[PDB]
>>> print(open('my_file_2.cif').read())   # mmCIF, C-alpha atoms
data_work
#
loop_
_atom_site.label_atom_id
_atom_site.label_comp_id
_atom_site.auth_asym_id
_atom_site.auth_seq_id
_atom_site.Cartn_x
_atom_site.Cartn_y
_atom_site.Cartn_z
CA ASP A 3 -5.45 17.19 51.84
CA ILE A 4 -4.29 17.45 55.46
CA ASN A 5 -2.26 14.26 55.63
CA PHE A 6 1.35 13.92 56.82
CA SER A 7 1.67 10.12 56.60
CA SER A 8 2.01 7.92 53.51
CA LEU A 9 -0.04 4.84 52.84
CA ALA A 10 1.49 1.45 52.37
CA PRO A 11 -0.12 -0.36 49.42
CA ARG A 12 -0.13 -3.51 51.62
CA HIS A 13 0.98 -5.68 48.68
CA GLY A 14 4.35 -6.34 47.06
CA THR A 15 5.23 -5.70 43.44
CA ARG A 16 3.79 -8.06 40.76
CA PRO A 17 0.72 -10.29 41.45
CA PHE A 18 1.60 -12.39 38.38
CA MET A 19 3.86 -15.44 38.82
CA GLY A 20 6.13 -17.60 36.62
CA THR A 21 7.04 -21.31 36.77
CA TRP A 22 10.39 -22.65 37.99
CA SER A 23 12.32 -23.92 34.92
CA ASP B 3 51.21 -6.53 -15.13
CA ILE B 4 50.38 -5.13 -11.61
CA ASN B 5 46.61 -5.77 -11.64
CA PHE B 6 43.25 -7.09 -10.24
CA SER B 7 40.42 -9.42 -11.54
CA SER B 8 36.72 -9.70 -10.48
CA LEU B 9 33.43 -11.67 -11.09
CA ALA B 10 32.79 -10.75 -14.78
CA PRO B 11 31.91 -13.90 -16.91
CA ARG B 12 28.23 -13.18 -15.87
CA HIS B 13 26.29 -10.06 -16.93
CA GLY B 14 23.27 -7.80 -16.22
CA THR B 15 20.52 -10.01 -17.78
CA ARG B 16 17.59 -7.55 -17.21
CA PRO B 17 14.52 -7.18 -19.55
CA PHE B 18 12.96 -3.95 -21.02
CA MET B 19 10.12 -4.45 -18.51
CA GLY B 20 12.16 -4.66 -15.21
CA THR B 21 15.68 -3.44 -14.15
CA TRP B 22 16.17 -6.52 -11.90
CA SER B 23 16.60 -10.10 -13.21
CA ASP B 24 14.80 -11.84 -10.22
CA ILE B 25 16.13 -14.34 -7.60
CA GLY B 26 14.26 -17.49 -6.36
CA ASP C 3 21.18 16.01 -16.83
CA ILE C 4 20.61 12.28 -17.44
CA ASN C 5 17.01 11.30 -18.14
CA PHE C 6 15.69 7.94 -19.36
CA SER C 7 17.57 4.69 -20.18
CA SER C 8 18.36 3.30 -23.72
CA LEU C 9 15.08 3.87 -25.66
CA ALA C 10 16.19 2.00 -28.80
CA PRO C 11 15.65 -1.76 -29.43
CA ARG C 12 18.82 -3.85 -29.40
CA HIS C 13 19.07 -5.00 -33.00
CA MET D 1 -8.30 -8.38 -11.71
CA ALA D 2 -6.14 -7.23 -8.83
CA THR D 3 -3.46 -5.65 -11.04
CA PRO D 4 -2.75 -1.88 -11.02
CA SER D 5 -5.55 0.06 -12.65
CA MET D 6 -3.23 2.41 -14.57
CA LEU D 7 -1.66 -0.61 -16.21
CA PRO D 8 -3.84 -0.53 -19.40
CA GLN D 9 -3.05 3.16 -19.94
CA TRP D 10 0.68 2.65 -19.37
CA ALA D 11 0.86 -0.42 -21.59
CA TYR D 12 -0.67 1.49 -24.50
CA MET D 13 1.46 4.58 -24.19
CA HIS D 14 4.75 2.79 -23.35
CA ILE D 15 5.40 3.92 -19.79
CA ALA D 16 5.22 0.29 -18.73
CA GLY D 17 4.54 -2.98 -20.58
CA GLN D 18 6.73 -4.66 -23.24
CA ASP D 19 9.76 -3.61 -25.35
CA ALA D 20 9.02 -2.20 -28.83
CA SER D 21 10.34 -5.29 -30.55
CA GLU D 22 7.71 -7.45 -28.76
CA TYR D 23 5.00 -4.78 -29.23
CA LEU D 24 5.73 -4.23 -32.93
CA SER D 25 4.67 -6.63 -35.68
CA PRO D 26 7.40 -9.22 -36.48
CA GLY D 27 7.79 -8.09 -40.09
CA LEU D 28 8.59 -4.51 -39.05
CA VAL D 29 11.16 -5.81 -36.54
CA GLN D 30 13.12 -7.63 -39.26
CA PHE D 31 12.76 -4.64 -41.63
CA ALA D 32 14.36 -2.35 -39.05
CA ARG D 33 17.28 -4.70 -38.46
CA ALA D 34 17.94 -5.09 -42.19
CA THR D 35 18.02 -1.35 -42.88
CA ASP D 36 19.71 -0.53 -39.56
CA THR D 37 22.93 0.46 -41.33
CA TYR D 38 21.55 3.43 -43.23
CA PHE D 39 18.02 4.20 -42.08
CA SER D 40 17.48 3.89 -38.33
CA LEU D 41 13.94 3.34 -37.08
CA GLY D 42 15.04 2.58 -33.51
CA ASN D 43 14.53 6.10 -32.21
CA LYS D 44 10.97 6.15 -33.53
CA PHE D 45 9.82 3.86 -30.73
CA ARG D 46 10.04 3.51 -26.97
CA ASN D 47 11.28 0.77 -24.71
CA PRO D 48 9.51 0.73 -21.28
CA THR D 49 12.08 0.85 -18.42
CA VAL D 50 10.67 0.01 -14.99
CA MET E 1 -28.99 7.22 -16.84
CA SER E 2 -25.50 6.39 -18.12
CA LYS E 3 -23.43 9.47 -18.74
CA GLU E 4 -20.14 8.18 -20.16
CA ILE E 5 -17.97 5.54 -18.52
CA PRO E 6 -16.52 8.12 -16.11
CA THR E 7 -13.10 8.63 -14.54
CA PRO E 8 -12.71 7.06 -11.07
CA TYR E 9 -12.90 9.01 -7.82
CA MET E 10 -9.61 9.15 -5.95
CA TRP E 11 -9.89 9.30 -2.18
CA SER E 12 -7.70 11.67 -0.23
CA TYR E 13 -5.80 10.88 2.95
CA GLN E 14 -5.93 12.47 6.42
CA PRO E 15 -4.54 11.98 9.98
CA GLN E 16 -7.67 9.93 10.72
CA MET E 17 -10.77 10.64 12.68
CA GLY E 18 -11.99 7.76 10.49
CA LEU E 19 -12.71 9.88 7.41
CA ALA E 20 -10.98 9.55 4.05
CA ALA E 21 -11.18 13.33 3.48
CA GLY E 22 -13.64 13.03 0.57
CA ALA E 23 -12.80 12.05 -3.00
CA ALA E 24 -12.57 13.88 -6.30
CA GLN E 25 -12.34 13.06 -10.03
CA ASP E 26 -9.03 11.93 -11.45
CA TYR E 27 -7.43 14.71 -13.49
CA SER E 28 -4.02 13.11 -13.79
CA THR E 29 -5.34 11.06 -16.68
CA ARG E 30 -6.53 11.76 -20.22
CA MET E 31 -9.43 9.96 -21.95
CA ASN E 32 -11.83 12.87 -21.93
CA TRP E 33 -9.95 15.74 -23.66
CA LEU E 34 -9.58 16.12 -27.48
CA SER E 35 -7.28 15.86 -30.55
CA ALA E 36 -6.53 12.52 -32.14
CA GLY E 37 -8.73 10.81 -34.75
CA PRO E 38 -12.18 9.21 -34.81
CA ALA E 39 -10.63 5.73 -35.12
CA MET E 40 -9.32 6.07 -31.58
CA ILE E 41 -12.87 5.92 -30.17
CA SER E 42 -12.32 2.22 -29.57
CA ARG E 43 -8.67 2.43 -28.76
CA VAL E 44 -8.70 5.12 -26.05
CA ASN E 45 -12.13 4.52 -24.55
CA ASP E 46 -11.39 0.81 -24.63
CA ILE E 47 -8.50 1.82 -22.37
CA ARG E 48 -10.86 3.75 -20.11
CA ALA E 49 -13.26 0.79 -20.14
CA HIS E 50 -10.39 -1.51 -19.12
CA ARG E 51 -9.27 0.80 -16.27
CA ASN E 52 -12.77 0.88 -14.82
CA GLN E 53 -13.23 -2.88 -15.15
CA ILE E 54 -9.96 -3.56 -13.28
CA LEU E 55 -11.23 -1.21 -10.56
CA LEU E 56 -14.54 -3.03 -10.01
CA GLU E 57 -12.76 -6.37 -9.70
CA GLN E 58 -10.02 -4.91 -7.51
CA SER E 59 -12.41 -3.23 -5.08
CA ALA E 60 -14.57 -6.32 -4.68
CA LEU E 61 -11.67 -8.64 -3.79
CA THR E 62 -9.89 -6.43 -1.27
CA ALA E 63 -12.58 -4.41 0.52
CA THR E 64 -14.74 -5.41 3.46
CA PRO E 65 -18.54 -4.96 3.05
CA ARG E 66 -19.77 -1.63 4.42
CA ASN E 67 -22.97 0.37 4.37
CA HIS E 68 -21.00 3.61 4.01
CA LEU E 69 -18.09 4.83 1.90
CA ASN E 70 -16.48 6.28 5.04
CA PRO E 71 -17.71 4.58 8.23
CA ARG E 72 -16.05 7.27 10.44
CA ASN E 73 -14.80 4.53 12.77
CA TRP E 74 -13.95 0.94 11.87
CA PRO E 75 -14.77 -1.76 14.48
CA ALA E 76 -11.99 -3.34 16.53
CA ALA E 77 -12.18 -6.48 14.40
CA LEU E 78 -11.74 -4.59 11.14
CA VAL E 79 -8.82 -2.25 11.89
CA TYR E 80 -6.39 -5.14 11.28
CA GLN E 81 -4.33 -6.06 14.34
CA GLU E 82 -0.58 -5.58 14.11
CA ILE E 83 -0.09 -5.72 17.91
CA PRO E 84 2.76 -7.98 19.29
CA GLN E 85 2.66 -11.59 20.51
CA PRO E 86 3.74 -13.14 23.90
CA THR E 87 7.32 -13.18 25.26
CA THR E 88 9.33 -14.85 28.14
CA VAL E 89 11.57 -13.37 30.87
CA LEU E 90 14.22 -15.52 32.61
CA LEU E 91 14.23 -13.91 36.09
CA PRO E 92 17.85 -13.48 37.26
CA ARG E 93 17.62 -14.08 41.08
CA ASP E 94 16.22 -15.95 44.07
CA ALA E 95 14.82 -13.50 46.64
CA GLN E 96 13.43 -16.18 48.90
CA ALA E 97 16.42 -18.60 49.06
CA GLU E 98 19.37 -16.18 48.49
CA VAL E 99 18.35 -13.64 51.21
CA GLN E 100 18.69 -15.89 54.26
CA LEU E 101 22.32 -16.05 52.95
CA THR E 102 22.73 -12.27 53.37
CA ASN E 103 21.09 -12.44 56.83
CA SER E 104 23.71 -15.20 57.50
CA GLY E 105 26.48 -12.55 56.88
CA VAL E 106 27.21 -13.11 53.14
CA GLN E 107 27.90 -10.00 51.03
CA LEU E 108 27.02 -10.17 47.26
CA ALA E 109 28.41 -8.30 44.18
CA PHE E 162 24.33 -18.92 40.58
CA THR E 163 26.53 -20.73 43.21
CA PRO E 164 23.45 -21.62 45.43
CA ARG E 165 20.74 -24.14 44.27
CA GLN E 166 19.60 -24.21 40.60
CA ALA E 167 16.19 -22.50 41.01
CA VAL E 168 15.52 -20.30 37.92
CA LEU E 169 12.09 -18.77 37.18
CA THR E 170 10.51 -18.15 33.74
CA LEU E 171 7.74 -15.52 33.45
CA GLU E 172 5.28 -15.16 30.49
CA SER E 173 3.71 -11.85 29.32
CA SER E 174 1.05 -10.72 26.72
CA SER E 175 0.00 -7.50 24.74
CA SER E 176 -2.71 -4.75 24.52
CA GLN E 177 -6.50 -4.67 24.11
CA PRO E 178 -8.18 -4.22 20.65
CA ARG E 179 -8.35 -0.65 19.29
CA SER E 180 -11.07 0.95 17.20
CA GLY E 181 -10.37 4.10 15.28
CA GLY E 182 -9.33 5.12 11.82
CA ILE E 183 -7.90 2.58 9.42
CA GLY E 184 -4.12 2.14 8.94
CA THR E 185 -2.25 3.45 5.89
CA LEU E 186 -1.45 -0.06 4.61
CA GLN E 187 -5.11 -0.94 4.90
CA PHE E 188 -6.33 2.38 3.55
CA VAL E 189 -5.28 1.24 0.08
CA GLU E 190 -7.33 -1.95 0.31
CA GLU E 191 -10.38 -0.23 1.80
CA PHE E 192 -10.37 2.67 -0.64
CA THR E 193 -9.84 1.32 -4.13
CA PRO E 194 -11.14 4.12 -6.47
CA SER E 195 -14.90 4.07 -7.11
CA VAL E 196 -16.63 4.37 -10.44
CA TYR E 197 -20.05 6.02 -10.34
CA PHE E 198 -21.72 4.98 -13.60
CA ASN E 199 -24.88 7.07 -13.63
CA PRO E 200 -23.67 10.39 -12.10
CA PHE E 201 -26.23 12.14 -9.90
CA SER E 202 -29.21 10.14 -11.19
CA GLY E 203 -32.16 9.37 -8.95
CA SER E 204 -33.23 11.15 -5.77
CA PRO E 205 -30.72 12.85 -3.45
CA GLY E 206 -30.24 10.36 -0.62
CA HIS E 207 -28.50 7.87 -2.86
CA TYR E 208 -26.00 10.44 -4.12
CA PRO E 209 -22.47 9.93 -2.74
CA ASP E 210 -22.09 12.80 -0.30
CA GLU E 211 -18.94 11.09 0.97
CA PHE E 212 -16.97 12.46 -1.98
CA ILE E 213 -17.36 15.89 -0.40
CA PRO E 214 -14.37 16.83 1.80
CA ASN E 215 -16.52 18.95 4.15
CA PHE E 216 -19.36 16.50 4.79
CA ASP E 217 -20.05 14.71 8.05
CA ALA E 218 -22.21 11.62 7.92
CA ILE E 219 -22.93 11.49 11.66
CA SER E 220 -24.86 14.74 11.44
CA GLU E 221 -25.64 14.65 7.68
CA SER E 222 -24.69 18.28 7.18
CA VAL E 223 -21.82 20.01 5.47
CA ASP E 224 -20.19 22.60 7.71
CA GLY E 225 -16.74 23.99 7.03
CA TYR E 226 -17.03 27.26 8.98
CA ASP E 227 -16.52 29.31 5.83
#
>>> encode(input="my_file_2.cif", output="structure tokens")
Amino acid sequence: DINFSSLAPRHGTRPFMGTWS
Amino acid sequence: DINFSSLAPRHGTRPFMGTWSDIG
Amino acid sequence: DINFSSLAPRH
Amino acid sequence: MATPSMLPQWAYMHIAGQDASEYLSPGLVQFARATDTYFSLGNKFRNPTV
Amino acid sequence: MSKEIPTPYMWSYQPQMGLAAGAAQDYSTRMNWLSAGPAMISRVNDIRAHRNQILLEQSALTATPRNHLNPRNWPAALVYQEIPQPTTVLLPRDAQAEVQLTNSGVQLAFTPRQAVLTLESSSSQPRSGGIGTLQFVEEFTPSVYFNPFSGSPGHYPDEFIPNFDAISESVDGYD
């Protein structure tokens, strides 16, 4: 590939959100 | 008489068309 | 062995 | 109907169906019982067990 | 036209490309052998009449309309969905109001404010493929062909042949 540096995804885990109870 | 006794005044009621007497 | 149940009508 | 399709064959040949004492004519049933003590006819017939 | 009232055709089973692996005559039944009496012509072929009649009724009630004996692929609507239903997760933590506490020097190993989050979730997309084994029985009630191989070829069941492919209309078995 010729890369020596990861990406960041630039977004945290889970888009999908739940209501407070 | 050192002994036991069990549910026995009721019997296998099955027909000669099914080995199981049903339950509702 | 043991094959079949009672094959006689109960009289 | 929606019943098993081997049911008519079984019923006839006593693999399933009704006890030979509901299948037999009523007069034969009482004949067998009367002469049960010296001339068994019980082993000449099948009871379906299912 | 009518050649007997014939024995039904029993379909075989297979690990499903969408075929039923052809069908073949039932030979685990009598009603077409010999030795009895001539008074059993309406006592043994009334039996065979009754078996076939129960089959026509049975097939009609439980089987979806089709233009083919073996469709080779049932639609997504007609596979019968046994996929799960929705479910709820009670999420165990704050990570936006119990993290300024750890920045404030607190080590951790429900005492802060009563924020608790519930999350919903669903289940998979429709699948199309072969039919299930519970629904094979209802889709493949035995068939009675009443005028065996009568008429032109092209109305003959070729889907009782366990070598036939109906999406190329050829029989190839590599033998």
>>> resolve_selection(input="my_file_2.cif", expression="the PyMOL selection byres ((chain B) within 12 of (chain C))", output="PyMOL selection string")
chain B and resi 17-21
>>> write_last_selection(input="my_file_2.cif", atoms="C-alpha atoms", output="tab-separated table (two decimals), in the frame of the given file")
chain	number	residue	atom	x	y	z
B	17	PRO	CA	14.52	-7.18	-19.55
B	18	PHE	CA	12.96	-3.95	-21.02
B	19	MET	CA	10.12	-4.45	-18.51
B	20	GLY	CA	12.16	-4.66	-15.21
B	21	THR	CA	15.68	-3.44	-14.15
>>> atom_distance(input="my_file_2.cif", atom1="CA of residue 47 in chain D", atom2="CA of residue 24 in chain B")
19.5 Å
>>> residues_around(input="my_file_2.cif", residues="residue 61 in chain E", least_positions_apart="6", cutoff="10 Å", atoms="all atoms listed in the file", output="PDB file with C-alpha atoms, keeping the file's coordinate frame")
ATOM      1  CA  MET D   1      -8.300  -8.380 -11.710  1.00  0.00           C
ATOM      2  CA  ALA D   2      -6.140  -7.230  -8.830  1.00  0.00           C
TER       3      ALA D   2
ATOM      4  CA  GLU E 190      -7.330  -1.950   0.310  1.00  0.00           C
TER       5      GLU E 190
END
>>> atom_distance(input="my_file_2.cif", atom1="CA of residue 13 in chain A", atom2="CA of residue 99 in chain E")
19.3 Å
>>> resolve_selection(input="my_file_2.cif", expression="the PyMOL selection byres ((chain E and resi 69) around 9)", output="list in words")
residues 20, 66, 67, 68, 70, 71, 192, 209, 211 and 212 of chain E
>>> resolve_selection(input="my_file_2.cif", expression="the PyMOL selection byres ((chain A and resi 22) around 12)", output="number ranges by chain")
A: 19-21, 23; E: 89-94, 166-172
>>> write_last_selection(input="my_file_2.cif", atoms="C-alpha atoms", output="short mmCIF file (atom, residue, chain, number, x, y, z; two decimals), in the frame of the given file")
data_model
loop_
_atom_site.label_atom_id
_atom_site.label_comp_id
_atom_site.auth_asym_id
_atom_site.auth_seq_id
_atom_site.Cartn_x
_atom_site.Cartn_y
_atom_site.Cartn_z
CA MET A 19 3.86 -15.44 38.82
CA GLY A 20 6.13 -17.60 36.62
CA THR A 21 7.04 -21.31 36.77
CA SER A 23 12.32 -23.92 34.92
CA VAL E 89 11.57 -13.37 30.87
CA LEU E 90 14.22 -15.52 32.61
CA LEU E 91 14.23 -13.91 36.09
CA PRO E 92 17.85 -13.48 37.26
CA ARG E 93 17.62 -14.08 41.08
CA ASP E 94 16.22 -15.95 44.07
CA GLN E 166 19.60 -24.21 40.60
CA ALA E 167 16.19 -22.50 41.01
CA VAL E 168 15.52 -20.30 37.92
CA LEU E 169 12.09 -18.77 37.18
CA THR E 170 10.51 -18.15 33.74
CA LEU E 171 7.74 -15.52 33.45
CA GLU E 172 5.28 -15.16 30.49
#
>>> residues_near_point(input="my_file_2.cif", point="(-13.1, 10.8, -2.3)", cutoff="7 Å", atoms="all atoms listed in the file", output="count of residues only")
12
>>> atom_distance(input="my_file_2.cif", atom1="CA of residue 7 in chain D", atom2="CA of residue 48 in chain E")
10.9 Å
>>> interface_residues(input="my_file_2.cif", of="chain D", to="chain E", cutoff="10 Å", atoms="only C-alpha atoms", output="list in words")
residues 1, 2, 3, 4, 5, 6, 7, 8, 9, 10, 11 and 12 of chain D
>>> interface_residues(input="my_file_2.cif", of="chain D", to="chain B", cutoff="6 Å", atoms="all atoms listed in the file", output="MDAnalysis selection string")
chainID D and resid 18:19 48:50
>>> interface_residues(input="my_file_2.cif", of="chain D", to="chain C", cutoff="6 Å", atoms="all atoms listed in the file", output="PyMOL selection string")
chain D and resi 33+42-43+46-47
